[PDB]
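We begin with a single chain expressed as structure tokens, specifically the form deposited in one PDB entry.
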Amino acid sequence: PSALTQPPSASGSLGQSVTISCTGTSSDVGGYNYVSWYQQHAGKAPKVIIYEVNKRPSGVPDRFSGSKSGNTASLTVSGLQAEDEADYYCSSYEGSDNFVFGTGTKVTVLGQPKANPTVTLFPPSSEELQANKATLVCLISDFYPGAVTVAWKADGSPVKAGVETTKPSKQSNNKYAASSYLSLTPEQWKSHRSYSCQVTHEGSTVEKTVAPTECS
């Protein structure tokens, strides 16, 4: 093993830039010209973006660049898009057919506009009902940033059982998506007026409600 010294961060801003470094050793960077950069998104596959110092795949946005000097190399993300929040990885060939990777860099964009969640309250599917279950979801969608709290209410005095909220996920847009379920029984469903979802994000709450009446 041996992890090509990468800085552990690099905060830029939308239409500013970000350049990162991959610090090697004659073999790494310095030795051969086979230093390539990957762009790994939270819990997703790699995406090889820079390969071989200056070269760039059949479709990658040319705003990214490598700039090997000696034993260190640079990647240049100019004119930041929100998109570019990721962990860029570097690597270089080192003889013997072995390749060697560099620690990782979390690359971030400040100055992304904040967004309040879009709250969606589903009632139990008729189909579901037919089966005698009664699950309920609070789709908590497009928020920036991903710090949100969810609370469920049975017409008033809050619901605190059989609830399962998810940790926000990064999502196509560079915004989030969370989930919140309530496992009811059909009786329970049809034994309350309204079921609320109350969601708090940057000072701003949103409360959606459902009554046993999608129609019938």
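Numbers follow the displayed sequence, beginning with 1.
Quick note: we don't show the form deposited in another entry, though the next part is all about it.
- Task: Using the two-rigid-part description of the chain between this form and the one not shown, establish whether residue 101 and residue 142 are assigned together.
- Result: No, since residue 101 and residue 142 fall within separate rigid parts of the motion between this form and the one not shown.
- Taking the shown form as the reference, report whether the CA atoms of residue 43 and residue 178 lie closer or farther apart in the other form; the distance changes by 3 angstroms or more. Here the pair is closer than in the other form; there, farther apart.
- Message: Please check whether, in the other form, the CA atoms of residue 166 and residue 106 lie closer or farther apart than here, given a change of 3 Å or more.
- Response: Residue 166 and residue 106 sit closer together in the other form.
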